[PDB]
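Before anything else, here's the structure in question.
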Amino acid sequence: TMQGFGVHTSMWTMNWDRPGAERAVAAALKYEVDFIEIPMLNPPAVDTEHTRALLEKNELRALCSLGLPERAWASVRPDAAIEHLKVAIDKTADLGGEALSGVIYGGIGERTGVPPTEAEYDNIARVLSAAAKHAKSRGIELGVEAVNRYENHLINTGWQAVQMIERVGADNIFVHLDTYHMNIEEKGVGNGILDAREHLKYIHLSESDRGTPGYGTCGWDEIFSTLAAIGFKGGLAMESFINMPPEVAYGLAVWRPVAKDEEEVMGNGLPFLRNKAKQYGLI
Amino acid sequence: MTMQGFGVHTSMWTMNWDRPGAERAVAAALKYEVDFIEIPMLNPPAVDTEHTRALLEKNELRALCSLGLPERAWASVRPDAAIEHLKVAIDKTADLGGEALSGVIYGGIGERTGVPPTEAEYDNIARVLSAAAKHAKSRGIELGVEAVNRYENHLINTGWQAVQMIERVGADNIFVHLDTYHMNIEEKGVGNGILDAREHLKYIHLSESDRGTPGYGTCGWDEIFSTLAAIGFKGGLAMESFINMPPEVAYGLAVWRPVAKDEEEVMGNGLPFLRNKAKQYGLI
Amino acid sequence: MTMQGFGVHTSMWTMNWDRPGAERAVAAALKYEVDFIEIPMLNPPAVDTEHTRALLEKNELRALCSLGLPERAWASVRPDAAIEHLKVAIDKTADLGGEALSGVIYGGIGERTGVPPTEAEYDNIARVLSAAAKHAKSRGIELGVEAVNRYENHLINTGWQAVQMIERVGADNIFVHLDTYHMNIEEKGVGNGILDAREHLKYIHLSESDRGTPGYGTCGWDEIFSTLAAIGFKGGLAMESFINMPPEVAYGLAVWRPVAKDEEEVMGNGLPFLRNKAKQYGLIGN
Amino acid sequence: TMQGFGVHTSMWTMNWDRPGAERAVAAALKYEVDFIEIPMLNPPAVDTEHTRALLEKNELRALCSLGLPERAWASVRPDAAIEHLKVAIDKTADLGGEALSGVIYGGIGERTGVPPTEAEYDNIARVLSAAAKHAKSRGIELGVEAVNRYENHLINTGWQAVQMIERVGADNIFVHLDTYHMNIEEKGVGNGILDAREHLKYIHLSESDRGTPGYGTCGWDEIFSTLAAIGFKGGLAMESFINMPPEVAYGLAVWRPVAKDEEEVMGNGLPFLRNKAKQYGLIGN
């Protein structure tokens, strides 16, 4: 039921330790967002009580996201993926999060060199069924983020994400789209939204170069008009890679700055997105 | 009006719907393999309804008709004459096998007071459209209200204004008719016209921003088609270009120079572009 | 002229260029840190040039003027009346410190014969603009010819037509003025107007497709800004949004409903957008 | 001097073997393009005089493209890279090709895990200088194609490619842009064209998902307006991986069909692109 505008906290914190959480919440207040997305690079280390109290005091909602580490890629090590996800689901639920989303079906860097196979998808479906039931037991939902061909060869489009949701058969898994990935993957950016429309509950609003929304190659008018047209009432989450911790950035093929500074990205990008949301009547 | 698929406004071959003109237009429709034609009715009384009916039926073609009111019958100021004009056009549309009368049926090209539209004007329009809608209902057809840009008419320029008139009238057989060329000027983001009209949108003119070749101008086609798909549009996708319009009609529409090279450019590049986009975004 | 940087057509802030309106406009221009304002020259005898000049120099603002000709002086058909009107307008522009007189200086906003333009009309215009260009030269200012859409004028609608008139007149102090709202209607791909006009282009109205807030309509801004960067554009970038409507051109401009909530929404959201695009595409001066 | 429209032959054949050359040249003539772009991925395996005969016979021009294999990535193994490029240059010359372009400076799929270093660019520059001399020896030019961050970590933007061209100092190396790559890397697609304007001689007009141009997220009006604005006069080349050369498949990451078939891409994409070139008055159209 995540609604309104939010921010992926990577711009201030990929390490969700005590000072990092305080720093991200502080930013969230400064930009008057409705929610934050909390990356969980190391779920066991998260202080759930601190974060809960922070979200409650500051009347902020949250969800969490991750991508599977290689020791636990679901396509090939599903039992370890289930174990990794159960820990992340519990931490998410305990800190007050409403969903765990992201690359929860695999990891950044998976690539076999040939098309995804039924054996791989079978393993993913088994992992997501296990994890969805655990999520349900803690009262949260799972999100599946479609990412571009280079990061993962399994779920790149909204239509692929929907197929996996159908193969799993749960009711608490939604699609999570990201405009930067859709800019590469969708045959017309609106088609990712169209194909996912029955399951789309969250979208990363990111520019085509991970810099400043409004200043790249994404078709924002098409994106926003199509979200309004399908009655999108889910989470509008700004994602930019500015000020990413270096080794995490290098993991995402950031070889060079995506933008001048946080003042360019947040000062120009959030108003652009909020303005478009008002323009097309998502508010 | 259940009109569906692709069609063409026949102005590229005929603005005078006489006997050879109707045959010329139907011949074009077959060549480009469209599902329906839009028949301009510049002079409704002169239309041979039986000839056109037979032609549509024999060739498996659907149709609607469209018009703008002449000044002697602008509805905002001369509603009684507007009603009389529309009744004749509605009867001719139904009798030729048409499923709707659409267009600038609420006023005319060239209305302008210099100030915002007034409630008195809208009251006269609503009375005309209510009378016309009743008459259309009795003949089994629907009416369409085409939003046009600020310079052609000062009364209905956006999808949201068109929906407000439909609500003011309260009929069930009036729909909205959008035109990408007018939306390109009037809508605050072109998809917003579709969004605002979504509960009433049954027909759209796919026209380029300069009235030339769709795909080669300033209209935002991906937003247009994505948004049509996203609202589940299943109405008429009608191509409109001003290529080869008769001069007098063209001058009345502010065509001061060619909109395109020739029909081969317009139909040969523009129709495939639009069919391709329709398939791309799943309207097909 | 040498106009560079960002400016605003003063309809953003006032309906007429009277003394209180000039006060209100210059004060608003200062809270946005623009480099110049564009002042309508619709009632030349009514402009208090000493008052305006003092305001401009005090607040270190540059200016130019624009107009459309009234029907009594449409150059198409009443060229001698047009020469006289333009001479008065030029003098007032020069007097108040403005650096150019631009816009629809060749005809009316809302001018239309009902038929395509003729050589007789273009010949009259050329004669008027030659005479007007000599008088501008005598007062130290330039003239601009703005292409406007088919519904506002039937004579010059595209960058290519504007350049053809500039080359027909053969003056050296007349430049082309484009407007993205008009190009959105007239140009077969918006960048083509910029390309066609590139050798004479010194000024552009960055106006949204519905005269509203730039960034929130149907104009193709990335194409516009990339093409302006590519041709080396170095002239004025001016906003034009009819928050207020000068009465003498209201009928031709056809703003029958609000273009935007208010001046704060257009300047607060549109100017940053435009400045940010100019910097994104590396526009000379940024 | 490549002018007009051409097609990268992955449109029609996976490998440039003898039957693939015959099938690609036949299709190229059916669509009346001016040139084809031939992958030079296994130089020893190319039958040059067979291809040369086909090209001359069918009044077709050609250039070659490649990415370097890991054994000869210029950034880490510069001497192997020089040797490999000389072999590829000689074969491109022998078959009548007029340039060797693409990722001639590195691998399709090359990544260290960290940003590029000066040591890497120093090696590439040395490689390209030597390669440029030998290309001149055989009378062809070299092209440097910027590719997106996921295929190479070294040259990703028009401005980076120009910086390497200025560093090497050679007269006969041009910049090669790709709209699919610029869709990801350029901060506004036209900026890649603007940044590379002094050296830009070749452009891949490739849709954002490698499918049919005109049916993705590439900003074609911006692309074509800016090309006209800078006076682009070089080659306009389609690139759609209907067929996937085996040696670069892992790096190009085409895991599902980019389009129905080569008829859909050529039948819809090429007229779209020819029509835009005419619309914006591109020199040669």
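Per-chain residue numbering starts at 1, and chain names A, B, C and D are given in the order in which the chains are listed.
Everything that follows uses one rule, which is that a residue touches a chain if its C-beta (ideal position, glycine included) is under 8 Å from a C-beta of that chain, and two chains touch if they have at least 3 such contacts.
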Comparison of C-D and A-C (more C-beta pairs in contact): C-D
Chain A and chain C, separation of their C-alpha mean positions in angstrom: 46
Rounded Å distance between chain C and chain D, as computed from the means of their C-alpha atoms: 44
Intercentroid distance (Cα basis), chain D paired with chain A, Å: 34
Of all residues in chain A, the ones touching two or more other chains: 187-189, 215, 219, 279
Topology of the chain contact graph, where touching chains are joined (line, ring, star, complete, other): complete
Pairs of chains satisfying the touch condition: A-B, A-C, A-D, B-C, B-D, C-D
Contacting residues of chain D [partner chain B, same complex]: 214-215, 268, 271-272, 275-276, 279
Complex interface listing, chain B residues touching chain C: 112, 114-117, 149-152, 154, 157, 183-190, 209-210, 212, 216-220, 251-252, 254-257
For the chain A and chain B complex, residues of the former touching the latter: 187-191, 193-194, 197, 219, 221-222, 224-226, 228-230, 279-281
